[PDB]
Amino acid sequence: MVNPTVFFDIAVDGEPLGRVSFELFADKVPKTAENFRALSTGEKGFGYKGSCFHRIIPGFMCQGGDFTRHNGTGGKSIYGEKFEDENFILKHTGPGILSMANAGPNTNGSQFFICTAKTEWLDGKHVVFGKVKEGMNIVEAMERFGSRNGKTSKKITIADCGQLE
């Protein structure tokens, strides 16, 4: 019943940057939290390890999680290719919010985004399910590799990821 914590070890063009940890709100969105947890451990034989943050827009968010096509269009959940919006109880209140990317209603896969600002217009459209716990300065450091339309200027990867005890 304790919310799980997971980590990303971030690399920039293969060089280490630092660790970001996340609390996953299993107490409010258990199905969505469990998807992200399992994808962070890789326990289903696939997951976030080695994937990129393909879209970084300074002032707004860092987005990643396409481990199936590695081009921003793919990803899959542990429940099938996609799964439904669990709930919209939690809001995009500020920096550090962890939320699901999607292509419209009930199309959650593995892609996610980390807010670097309040993005309230996404409330009720993207499922919020966690928050940065440690290493927000790593996410802040990732922003300078982004741009207005999100194209990145260096390859920002999840070099390693897993669940913390």
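The first residue of the shown sequence is 1; numbering continues from there.
Per the PDB record, of the two stretches 12-20 and 145-153, 12-20 carries the greater mean B-factor over its C-alpha atoms. When the C-alpha B-factors of 63-71 and 109-117 are averaged, 63-71 comes out higher. In this structure the maximum Cα B-factor among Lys131, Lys49, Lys31, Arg55 is found at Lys49. When the modelled residues of the chain are ordered by C-alpha B-factor, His126 sits in the lowest third. Among the modelled residues of the chain, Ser99 sits in the lowest third by CA temperature factor in this PDB entry.
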